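*Asks:* One file is attached below, query-v6.cif, containing mmCIF, C-alpha atoms and all ligand atoms; chains and numbers go by the auth columns.
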data_run
#
loop_
_atom_site.group_PDB
_atom_site.id
_atom_site.type_symbol
_atom_site.label_atom_id
_atom_site.label_comp_id
_atom_site.label_asym_id
_atom_site.label_seq_id
_atom_site.Cartn_x
_atom_site.Cartn_y
_atom_site.Cartn_z
_atom_site.B_iso_or_equiv
_atom_site.auth_seq_id
_atom_site.auth_asym_id
ATOM 1 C CA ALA A 1 131.315 -91.280 32.293 0.00 1 A
ATOM 2 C CA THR A 2 129.690 -88.601 34.402 0.00 2 A
ATOM 3 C CA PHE A 3 127.050 -89.293 37.028 0.00 3 A
ATOM 4 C CA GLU A 4 125.349 -86.262 38.503 0.00 4 A
ATOM 5 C CA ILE A 5 124.005 -87.267 41.903 0.00 5 A
ATOM 6 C CA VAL A 6 121.207 -85.003 43.093 0.00 6 A
ATOM 7 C CA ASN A 7 119.569 -84.991 46.519 0.00 7 A
ATOM 8 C CA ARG A 8 115.973 -83.781 46.162 0.00 8 A
ATOM 9 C CA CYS A 9 115.099 -85.180 49.612 0.00 9 A
ATOM 10 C CA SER A 10 114.203 -82.786 52.414 0.00 10 A
ATOM 11 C CA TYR A 11 116.888 -84.503 54.524 0.00 11 A
ATOM 12 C CA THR A 12 120.645 -84.790 54.109 0.00 12 A
ATOM 13 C CA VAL A 13 122.032 -87.944 52.544 0.00 13 A
ATOM 14 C CA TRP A 14 125.576 -89.174 52.151 0.00 14 A
ATOM 15 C CA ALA A 15 125.940 -90.418 48.604 0.00 15 A
ATOM 16 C CA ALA A 16 128.159 -93.459 48.007 0.00 16 A
ATOM 17 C CA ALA A 17 129.693 -94.942 44.868 0.00 17 A
ATOM 18 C CA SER A 18 131.665 -98.188 44.700 0.00 18 A
ATOM 19 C CA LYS A 19 132.301 -101.239 42.535 0.00 19 A
ATOM 20 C CA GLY A 20 132.704 -103.475 45.573 0.00 20 A
ATOM 21 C CA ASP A 21 136.487 -103.676 45.743 0.00 21 A
ATOM 22 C CA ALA A 22 137.160 -99.978 45.145 0.00 22 A
ATOM 23 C CA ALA A 23 135.679 -96.500 45.358 0.00 23 A
ATOM 24 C CA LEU A 24 134.257 -94.850 42.274 0.00 24 A
ATOM 25 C CA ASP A 25 135.591 -91.263 42.192 0.00 25 A
ATOM 26 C CA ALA A 26 135.899 -90.107 45.824 0.00 26 A
ATOM 27 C CA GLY A 27 133.548 -92.917 46.914 0.00 27 A
ATOM 28 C CA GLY A 28 131.231 -90.767 49.008 0.00 28 A
ATOM 29 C CA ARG A 29 130.149 -87.253 49.907 0.00 29 A
ATOM 30 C CA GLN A 30 127.570 -85.372 51.939 0.00 30 A
ATOM 31 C CA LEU A 31 124.625 -83.966 49.972 0.00 31 A
ATOM 32 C CA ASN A 32 122.411 -81.530 51.809 0.00 32 A
ATOM 33 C CA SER A 33 118.852 -81.087 50.562 0.00 33 A
ATOM 34 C CA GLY A 34 119.041 -79.762 47.007 0.00 34 A
ATOM 35 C CA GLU A 35 122.772 -80.322 46.478 0.00 35 A
ATOM 36 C CA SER A 36 124.314 -81.950 43.414 0.00 36 A
ATOM 37 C CA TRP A 37 127.594 -83.856 43.236 0.00 37 A
ATOM 38 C CA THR A 38 129.038 -84.921 39.903 0.00 38 A
ATOM 39 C CA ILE A 39 131.376 -87.888 39.798 0.00 39 A
ATOM 40 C CA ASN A 40 133.452 -89.467 37.088 0.00 40 A
ATOM 41 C CA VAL A 41 133.287 -93.221 36.626 0.00 41 A
ATOM 42 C CA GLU A 42 135.904 -94.940 34.478 0.00 42 A
ATOM 43 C CA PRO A 43 134.701 -96.441 31.199 0.00 43 A
ATOM 44 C CA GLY A 44 134.368 -100.205 31.435 0.00 44 A
ATOM 45 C CA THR A 45 133.314 -100.159 35.088 0.00 45 A
ATOM 46 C CA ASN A 46 131.552 -103.458 35.766 0.00 46 A
ATOM 47 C CA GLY A 47 129.191 -103.910 38.690 0.00 47 A
ATOM 48 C CA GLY A 48 129.181 -100.319 39.911 0.00 48 A
ATOM 49 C CA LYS A 49 126.615 -99.121 42.445 0.00 49 A
ATOM 50 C CA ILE A 50 125.434 -95.766 43.757 0.00 50 A
ATOM 51 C CA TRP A 51 123.297 -95.427 46.882 0.00 51 A
ATOM 52 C CA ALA A 52 122.251 -93.031 49.611 0.00 52 A
ATOM 53 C CA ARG A 53 123.196 -93.317 53.255 0.00 53 A
ATOM 54 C CA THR A 54 121.085 -91.779 55.998 0.00 54 A
ATOM 55 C CA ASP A 55 121.713 -90.505 59.517 0.00 55 A
ATOM 56 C CA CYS A 56 125.495 -90.420 59.328 0.00 56 A
ATOM 57 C CA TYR A 57 128.135 -89.114 61.680 0.00 57 A
ATOM 58 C CA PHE A 58 131.764 -88.687 60.608 0.00 58 A
ATOM 59 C CA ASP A 59 134.766 -87.275 62.432 0.00 59 A
ATOM 60 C CA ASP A 60 137.545 -85.207 60.728 0.00 60 A
ATOM 61 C CA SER A 61 139.289 -88.294 59.402 0.00 61 A
ATOM 62 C CA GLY A 62 136.092 -89.327 57.650 0.00 62 A
ATOM 63 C CA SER A 63 135.355 -92.214 59.994 0.00 63 A
ATOM 64 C CA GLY A 64 132.016 -92.838 61.621 0.00 64 A
ATOM 65 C CA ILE A 65 128.691 -94.568 61.126 0.00 65 A
ATOM 66 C CA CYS A 66 125.444 -94.351 59.121 0.00 66 A
ATOM 67 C CA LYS A 67 122.113 -95.932 60.031 0.00 67 A
ATOM 68 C CA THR A 68 121.531 -97.123 56.478 0.00 68 A
ATOM 69 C CA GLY A 69 124.094 -97.992 53.826 0.00 69 A
ATOM 70 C CA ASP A 70 127.175 -97.722 56.052 0.00 70 A
ATOM 71 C CA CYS A 71 130.308 -98.833 54.183 0.00 71 A
ATOM 72 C CA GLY A 72 132.677 -99.971 56.931 0.00 72 A
ATOM 73 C CA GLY A 73 132.348 -96.641 58.706 0.00 73 A
ATOM 74 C CA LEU A 74 133.910 -94.540 55.939 0.00 74 A
ATOM 75 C CA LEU A 75 132.716 -91.261 54.472 0.00 75 A
ATOM 76 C CA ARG A 76 134.503 -92.244 51.285 0.00 76 A
ATOM 77 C CA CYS A 77 133.215 -95.720 50.479 0.00 77 A
ATOM 78 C CA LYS A 78 135.536 -98.349 49.041 0.00 78 A
ATOM 79 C CA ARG A 79 133.073 -101.190 49.627 0.00 79 A
ATOM 80 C CA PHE A 80 129.330 -101.757 49.257 0.00 80 A
ATOM 81 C CA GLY A 81 126.942 -100.548 51.923 0.00 81 A
ATOM 82 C CA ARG A 82 125.056 -102.220 54.714 0.00 82 A
ATOM 83 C CA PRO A 83 121.410 -102.978 53.866 0.00 83 A
ATOM 84 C CA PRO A 84 118.824 -101.579 53.599 0.00 84 A
ATOM 85 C CA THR A 85 119.983 -99.720 50.488 0.00 85 A
ATOM 86 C CA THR A 86 118.072 -98.809 47.345 0.00 86 A
ATOM 87 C CA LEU A 87 120.661 -99.473 44.603 0.00 87 A
ATOM 88 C CA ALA A 88 121.449 -97.772 41.313 0.00 88 A
ATOM 89 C CA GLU A 89 123.418 -100.461 39.455 0.00 89 A
ATOM 90 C CA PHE A 90 125.432 -100.191 36.276 0.00 90 A
ATOM 91 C CA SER A 91 127.973 -101.829 34.031 0.00 91 A
ATOM 92 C CA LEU A 92 129.509 -99.564 31.399 0.00 92 A
ATOM 93 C CA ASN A 93 131.043 -100.280 27.978 0.00 93 A
ATOM 94 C CA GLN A 94 130.116 -103.955 27.987 0.00 94 A
ATOM 95 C CA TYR A 95 130.610 -104.978 24.362 0.00 95 A
ATOM 96 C CA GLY A 96 129.568 -101.539 23.127 0.00 96 A
ATOM 97 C CA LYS A 97 126.621 -100.844 25.446 0.00 97 A
ATOM 98 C CA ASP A 98 125.841 -99.665 28.982 0.00 98 A
ATOM 99 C CA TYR A 99 123.447 -101.518 31.306 0.00 99 A
ATOM 100 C CA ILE A 100 121.544 -99.880 34.158 0.00 100 A
ATOM 101 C CA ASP A 101 118.932 -100.879 36.715 0.00 101 A
ATOM 102 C CA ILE A 102 117.528 -100.174 40.155 0.00 102 A
ATOM 103 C CA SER A 103 117.495 -102.998 42.696 0.00 103 A
ATOM 104 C CA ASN A 104 115.620 -103.653 45.944 0.00 104 A
ATOM 105 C CA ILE A 105 117.445 -106.980 46.444 0.00 105 A
ATOM 106 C CA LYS A 106 119.384 -105.368 49.327 0.00 106 A
ATOM 107 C CA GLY A 107 116.303 -103.542 50.621 0.00 107 A
ATOM 108 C CA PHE A 108 115.149 -99.959 50.299 0.00 108 A
ATOM 109 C CA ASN A 109 116.059 -96.825 52.239 0.00 109 A
ATOM 110 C CA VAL A 110 115.622 -93.781 49.961 0.00 110 A
ATOM 111 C CA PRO A 111 113.514 -93.366 46.791 0.00 111 A
ATOM 112 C CA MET A 112 115.504 -93.030 43.588 0.00 112 A
ATOM 113 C CA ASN A 113 115.434 -92.147 39.893 0.00 113 A
ATOM 114 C CA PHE A 114 118.302 -93.378 37.688 0.00 114 A
ATOM 115 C CA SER A 115 118.203 -91.834 34.212 0.00 115 A
ATOM 116 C CA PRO A 116 120.504 -91.173 31.273 0.00 116 A
ATOM 117 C CA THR A 117 121.336 -87.517 30.582 0.00 117 A
ATOM 118 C CA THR A 118 122.332 -88.415 27.020 0.00 118 A
ATOM 119 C CA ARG A 119 120.301 -89.955 24.192 0.00 119 A
ATOM 120 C CA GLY A 120 119.153 -93.431 23.363 0.00 120 A
ATOM 121 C CA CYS A 121 117.416 -95.063 26.342 0.00 121 A
ATOM 122 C CA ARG A 122 114.959 -94.523 29.171 0.00 122 A
ATOM 123 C CA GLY A 123 115.481 -94.146 32.905 0.00 123 A
ATOM 124 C CA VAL A 124 114.196 -96.299 35.737 0.00 124 A
ATOM 125 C CA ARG A 125 112.639 -95.255 39.028 0.00 125 A
ATOM 126 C CA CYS A 126 111.598 -96.613 42.409 0.00 126 A
ATOM 127 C CA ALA A 127 109.948 -93.750 44.269 0.00 127 A
ATOM 128 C CA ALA A 128 107.015 -95.356 46.081 0.00 128 A
ATOM 129 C CA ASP A 129 106.797 -95.107 49.882 0.00 129 A
ATOM 130 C CA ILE A 130 108.373 -98.493 50.537 0.00 130 A
ATOM 131 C CA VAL A 131 109.574 -97.542 54.032 0.00 131 A
ATOM 132 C CA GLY A 132 106.104 -96.354 55.074 0.00 132 A
ATOM 133 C CA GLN A 133 104.371 -99.424 53.649 0.00 133 A
ATOM 134 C CA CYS A 134 107.097 -101.913 54.662 0.00 134 A
ATOM 135 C CA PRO A 135 105.890 -105.288 56.043 0.00 135 A
ATOM 136 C CA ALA A 136 106.334 -105.349 59.822 0.00 136 A
ATOM 137 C CA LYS A 137 108.814 -108.225 59.719 0.00 137 A
ATOM 138 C CA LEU A 138 111.030 -106.382 57.212 0.00 138 A
ATOM 139 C CA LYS A 139 111.129 -103.023 58.996 0.00 139 A
ATOM 140 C CA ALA A 140 114.668 -102.100 59.969 0.00 140 A
ATOM 141 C CA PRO A 141 114.791 -100.593 63.488 0.00 141 A
ATOM 142 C CA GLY A 142 117.750 -98.526 62.311 0.00 142 A
ATOM 143 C CA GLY A 143 115.620 -97.230 59.442 0.00 143 A
ATOM 144 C CA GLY A 144 114.495 -98.483 56.024 0.00 144 A
ATOM 145 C CA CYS A 145 112.866 -101.655 54.720 0.00 145 A
ATOM 146 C CA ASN A 146 115.066 -104.772 54.696 0.00 146 A
ATOM 147 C CA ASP A 147 115.027 -107.410 52.016 0.00 147 A
ATOM 148 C CA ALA A 148 113.990 -110.885 53.168 0.00 148 A
ATOM 149 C CA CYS A 149 117.435 -112.403 52.607 0.00 149 A
ATOM 150 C CA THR A 150 118.963 -109.935 55.078 0.00 150 A
ATOM 151 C CA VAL A 151 116.264 -110.682 57.629 0.00 151 A
ATOM 152 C CA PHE A 152 115.823 -114.455 57.364 0.00 152 A
ATOM 153 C CA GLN A 153 118.994 -115.850 55.720 0.00 153 A
ATOM 154 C CA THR A 154 117.328 -118.679 53.793 0.00 154 A
ATOM 155 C CA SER A 155 118.322 -120.282 50.521 0.00 155 A
ATOM 156 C CA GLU A 156 114.959 -119.265 49.070 0.00 156 A
ATOM 157 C CA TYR A 157 115.259 -115.531 49.852 0.00 157 A
ATOM 158 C CA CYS A 158 118.981 -115.337 49.143 0.00 158 A
ATOM 159 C CA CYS A 159 118.697 -117.516 45.988 0.00 159 A
ATOM 160 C CA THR A 160 121.804 -119.310 47.177 0.00 160 A
ATOM 161 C CA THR A 161 121.410 -122.316 44.887 0.00 161 A
ATOM 162 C CA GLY A 162 120.390 -120.240 41.883 0.00 162 A
ATOM 163 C CA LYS A 163 116.981 -121.770 42.199 0.00 163 A
ATOM 164 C CA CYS A 164 114.522 -119.482 43.870 0.00 164 A
ATOM 165 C CA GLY A 165 111.060 -118.146 43.122 0.00 165 A
ATOM 166 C CA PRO A 166 109.214 -114.950 44.010 0.00 166 A
ATOM 167 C CA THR A 167 108.030 -114.735 47.606 0.00 167 A
ATOM 168 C CA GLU A 168 105.437 -112.801 49.613 0.00 168 A
ATOM 169 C CA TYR A 169 108.244 -110.415 50.556 0.00 169 A
ATOM 170 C CA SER A 170 109.684 -109.952 47.051 0.00 170 A
ATOM 171 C CA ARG A 171 106.179 -109.354 45.713 0.00 171 A
ATOM 172 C CA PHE A 172 105.771 -106.433 48.124 0.00 172 A
ATOM 173 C CA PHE A 173 108.817 -104.686 46.653 0.00 173 A
ATOM 174 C CA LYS A 174 107.648 -105.563 43.140 0.00 174 A
ATOM 175 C CA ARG A 175 104.140 -104.247 43.740 0.00 175 A
ATOM 176 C CA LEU A 176 105.433 -100.899 44.979 0.00 176 A
ATOM 177 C CA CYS A 177 108.256 -100.713 42.413 0.00 177 A
ATOM 178 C CA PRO A 178 107.626 -102.783 39.281 0.00 178 A
ATOM 179 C CA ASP A 179 110.681 -101.358 37.535 0.00 179 A
ATOM 180 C CA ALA A 180 113.230 -102.517 40.126 0.00 180 A
ATOM 181 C CA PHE A 181 114.658 -105.967 40.869 0.00 181 A
ATOM 182 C CA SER A 182 112.759 -107.514 43.792 0.00 182 A
ATOM 183 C CA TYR A 183 114.717 -110.771 44.103 0.00 183 A
ATOM 184 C CA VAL A 184 117.754 -112.317 42.439 0.00 184 A
ATOM 185 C CA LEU A 185 115.914 -114.174 39.660 0.00 185 A
ATOM 186 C CA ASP A 186 113.320 -111.466 39.016 0.00 186 A
ATOM 187 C CA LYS A 187 112.371 -110.861 35.398 0.00 187 A
ATOM 188 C CA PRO A 188 115.060 -108.330 34.495 0.00 188 A
ATOM 189 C CA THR A 189 114.293 -104.613 34.424 0.00 189 A
ATOM 190 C CA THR A 190 117.738 -103.749 33.100 0.00 190 A
ATOM 191 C CA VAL A 191 117.868 -100.980 30.499 0.00 191 A
ATOM 192 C CA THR A 192 120.341 -101.073 27.617 0.00 192 A
ATOM 193 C CA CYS A 193 121.869 -97.673 26.896 0.00 193 A
ATOM 194 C CA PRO A 194 124.400 -96.543 24.299 0.00 194 A
ATOM 195 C CA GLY A 195 127.976 -97.238 25.360 0.00 195 A
ATOM 196 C CA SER A 196 129.522 -94.282 27.226 0.00 196 A
ATOM 197 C CA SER A 197 126.209 -92.694 28.181 0.00 197 A
ATOM 198 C CA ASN A 198 126.094 -90.203 31.060 0.00 198 A
ATOM 199 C CA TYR A 199 123.602 -90.326 33.916 0.00 199 A
ATOM 200 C CA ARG A 200 121.792 -88.642 36.763 0.00 200 A
ATOM 201 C CA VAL A 201 120.829 -90.342 40.024 0.00 201 A
ATOM 202 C CA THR A 202 118.153 -88.363 41.860 0.00 202 A
ATOM 203 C CA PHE A 203 117.223 -89.166 45.451 0.00 203 A
ATOM 204 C CA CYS A 204 113.554 -88.420 46.280 0.00 204 A
ATOM 205 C CA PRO A 205 112.693 -87.570 42.657 0.00 205 A
ATOM 206 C CA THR A 206 109.028 -86.857 43.447 0.00 206 A
ATOM 207 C CA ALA A 207 109.821 -84.631 46.442 0.00 207 A
HETATM 208 NA NA NA B . 119.951 -95.614 48.348 0.00 301 B
HETATM 209 NA NA NA B . 129.657 -95.217 55.766 0.00 302 B
HETATM 210 NA NA NA B . 121.061 -106.049 43.467 0.00 303 B
HETATM 211 NA NA NA B . 101.621 -104.550 55.920 0.00 304 B
HETATM 212 NA NA NA B . 112.785 -109.287 49.898 0.00 305 B
HETATM 213 NA NA NA B . 110.480 -89.481 45.730 0.00 306 B
#
Write the structure described by the file as structure tokens, please.
*Replies:*
Amino acid sequence: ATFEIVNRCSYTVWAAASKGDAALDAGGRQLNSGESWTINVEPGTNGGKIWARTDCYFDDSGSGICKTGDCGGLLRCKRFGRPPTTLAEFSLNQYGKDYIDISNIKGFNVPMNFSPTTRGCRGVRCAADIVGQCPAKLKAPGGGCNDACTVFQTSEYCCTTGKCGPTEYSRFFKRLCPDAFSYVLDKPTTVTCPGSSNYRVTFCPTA
């Protein structure tokens, strides 16, 4: 499957793509404002994620640091990124269909649209100014808006027992972005697409 990743932000981002225990395609790349990077994701990929990283520095070996979404200091991510990270999430070719969503469960750093480029389903978007409106206690000094699990490490925010409810913090994310997951047991906003669809992830879609 192809994913075109497009940076419409006025600032550089470092795109990242991983399924948690491996890179997808090259795993990461710099995208200056306006640049597009197309990756190939193997059919059947389960639990894939794409995200933006901000304020990165990398040496020639591709080692360094980002202020949001850092994946163990690598340009080319093999693992998931450090919150806060707006997440494009997908599982492909799962009994004949693809499943996509956007999640704020690991916080928010960059606004995002995640849409099919082929027929048969709609896209999802979280493009509100969540960083600007972020509750004081969730603001990440390094940048972005943390989720409450990251900040407070409670069973209720992290849904550790599989029994949690919405919270004042999850409701903030849900108010600003109704079409993204705001906590683990949120009413799902997953979209079913035809199996083997192709996609576009756009950072700052309303820029
Ligand atoms: Na992101
Ligand atoms: Na990184
Ligand atoms: Na998530
Ligand atoms: Na506030
Ligand atoms: Na939260
Ligand atoms: Na936007």
*Asks:* Could you tell me how far CA of residue 50 (chain A) sits from CA of residue 21 (chain A), in Å to one decimal place?
*Replies:* 13.7 Å
*Asks:* Write out as a PyMOL selection string each polymer residue (protein, DNA or RNA) that has an atom no more than 8 Å from ligand NA 305 (chain B), with only C-alpha atoms and all ligand atoms counted.
*Replies:* chain A and resi 104-107+146-149+157+167+169-173+182-183
*Asks:* Return the single residue from A:205, A:116, A:28, A:135 that is closest to ligand NA 306 (chain B), with distances computed using all atoms listed in the file.
*Replies:*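 Closest candidate: A:205.
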*Asks:* On this structure, which residues satisfy the PyMOL selection byres (((not hetatm)) within 12 of (chain B and resi 306)), written as number ranges by chain?
*Replies:* A: 6-11, 109-114, 125-131, 177, 201-207
*Asks:* Could you list, as a list in words, every residue within 8 Å of region 33-47 of chain A, counting only C-alpha atoms and ignoring same-chain residues fewer than 6 positions away?
*Replies:*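 Close residues of region 33-47 of chain A: residues 1, 2, 3, 4, 5, 6, 7, 8, 9, 10, 11, 12, 13, 19, 20, 24, 25, 26, 89, 90, 91, 92, 93, 94 and 196 of chain A.
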*Asks:* With only C-alpha atoms as the atoms that count, which of A:124, A:178, A:81, A:138 lies nearest to residue 100 (chain A)?
*Replies:*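 Result for the nearest residue to residue 100 (chain A): A:124.
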*Asks:* Once the PyMOL selection byres (((not hetatm)) within 6 of (chain B and resi 301)) has been evaluated on this model, what residues remain selected, and can you format them as an MDAnalysis selection string?
*Replies:* chainID A and resid 51:52 85:87 109:110
*Asks:* Would you work out the distance separating CA of residue 29 (chain A) from CA of residue 65 (chain A), expressed in Å to one decimal?
*Replies:* 13.5 Å
*Asks:* What do you get as a compact mmCIF listing (two decimals) with C-alpha atoms, keeping the file's coordinate frame if you pick all residues at most 9 Å from ligand NA 304 (chain B), counting all atoms listed in the file?
*Replies:*
# COMPACT_ATOMS: atom_id res chain seq x y z
CA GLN A 133 104.37 -99.42 53.65
CA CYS A 134 107.10 -101.91 54.66
CA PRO A 135 105.89 -105.29 56.04
CA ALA A 136 106.33 -105.35 59.82
CA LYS A 137 108.81 -108.22 59.72
*Asks:* Using all atoms listed in the file, which residue out of A:82, A:200, A:119, A:175 lies closest to ligand NA 302 (chain B)?
*Replies:*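 Smallest distance to ligand NA 302 (chain B) is found for A:82.
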*Asks:* Give, as JSON, the centre coordinates and the x, y and z edge lengths in Å to one decimal for an axis-aligned box around all listed atoms of region 138-155 of chain A, padded by 4 Å on each side.
*Replies:*
{"center_x": 115.0, "center_y": -108.8, "center_z": 57.0, "size_x": 16.0, "size_y": 31.1, "size_z": 21.0}
*Asks:* So how many Å separate CA of residue 188 (chain A) and CA of residue 165 (chain A), to one decimal?
*Replies:* 13.7 Å
*Asks:* Ranking A:49, A:76, A:139, A:122 by minimum distance to ligand NA 302 (chain B) and counting only C-alpha atoms and all ligand atoms, which one comes first?
*Replies:*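 Of all the options, A:76 lies closest to ligand NA 302 (chain B).
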*Asks:* Within 8 Å of ligand NA 302 (chain B), which residues show up when you count only C-alpha atoms and all ligand atoms? List them as a ChimeraX atom specification, please.
*Replies:* /A:53,56,63-66,69-77,81
*Asks:* Nearest to ligand NA 303 (chain B): which of A:140, A:191, A:102, A:176 is it, counting only C-alpha atoms and all ligand atoms?
*Replies:* A:102
*Asks:* Compare A:54, A:30, A:190, A:197 by their minimum atom-to-atom distance to ligand NA 303 (chain B), counting all atoms listed in the file, and give me the closest one.
*Replies:*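 Answer, going by the shortest atom-to-atom distance: A:190.
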*Asks:* Because some atoms of region 193-204 of chain A are absent here, can you restore N, CA and C atoms and send them as a PDB file, keeping the file's coordinate frame?
*Replies:*
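Saved file result29.pdb follows:
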ATOM      1  N   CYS A 193     121.598 -99.019  27.381  1.00  0.00           N
ATOM      2  CA  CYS A 193     121.869 -97.673  26.896  1.00  0.00           C
ATOM      3  C   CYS A 193     123.061 -97.684  25.959  1.00  0.00           C
ATOM      4  N   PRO A 194     123.190 -96.643  25.120  1.00  0.00           N
ATOM      5  CA  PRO A 194     124.400 -96.543  24.299  1.00  0.00           C
ATOM      6  C   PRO A 194     125.656 -96.595  25.159  1.00  0.00           C
ATOM      7  N   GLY A 195     126.706 -97.233  24.657  1.00  0.00           N
ATOM      8  CA  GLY A 195     127.976 -97.238  25.360  1.00  0.00           C
ATOM      9  C   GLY A 195     128.435 -95.815  25.634  1.00  0.00           C
ATOM     10  N   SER A 196     129.020 -95.599  26.810  1.00  0.00           N
ATOM     11  CA  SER A 196     129.522 -94.282  27.226  1.00  0.00           C
ATOM     12  C   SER A 196     128.430 -93.228  27.376  1.00  0.00           C
ATOM     13  N   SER A 197     127.239 -93.649  27.790  1.00  0.00           N
ATOM     14  CA  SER A 197     126.209 -92.694  28.181  1.00  0.00           C
ATOM     15  C   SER A 197     126.608 -91.983  29.475  1.00  0.00           C
ATOM     16  N   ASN A 198     125.962 -90.853  29.758  1.00  0.00           N
ATOM     17  CA  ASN A 198     126.094 -90.203  31.060  1.00  0.00           C
ATOM     18  C   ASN A 198     124.757 -90.247  31.773  1.00  0.00           C
ATOM     19  N   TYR A 199     124.765 -90.026  33.086  1.00  0.00           N
ATOM     20  CA  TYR A 199     123.602 -90.326  33.916  1.00  0.00           C
ATOM     21  C   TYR A 199     123.368 -89.328  35.023  1.00  0.00           C
ATOM     22  N   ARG A 200     122.160 -89.382  35.570  1.00  0.00           N
ATOM     23  CA  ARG A 200     121.792 -88.642  36.763  1.00  0.00           C
ATOM     24  C   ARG A 200     121.069 -89.589  37.714  1.00  0.00           C
ATOM     25  N   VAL A 201     121.509 -89.612  38.966  1.00  0.00           N
ATOM     26  CA  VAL A 201     120.829 -90.342  40.024  1.00  0.00           C
ATOM     27  C   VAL A 201     120.202 -89.291  40.925  1.00  0.00           C
ATOM     28  N   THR A 202     118.881 -89.330  41.052  1.00  0.00           N
ATOM     29  CA  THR A 202     118.153 -88.363  41.860  1.00  0.00           C
ATOM     30  C   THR A 202     117.503 -89.055  43.046  1.00  0.00           C
ATOM     31  N   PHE A 203     117.889 -88.667  44.258  1.00  0.00           N
ATOM     32  CA  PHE A 203     117.223 -89.166  45.451  1.00  0.00           C
ATOM     33  C   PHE A 203     115.948 -88.355  45.682  1.00  0.00           C
ATOM     34  N   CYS A 204     114.879 -89.038  46.095  1.00  0.00           N
ATOM     35  CA  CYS A 204     113.554 -88.420  46.280  1.00  0.00           C
ATOM     36  C   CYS A 204     113.099 -87.624  45.055  1.00  0.00           C
TER      37      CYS A 204
END
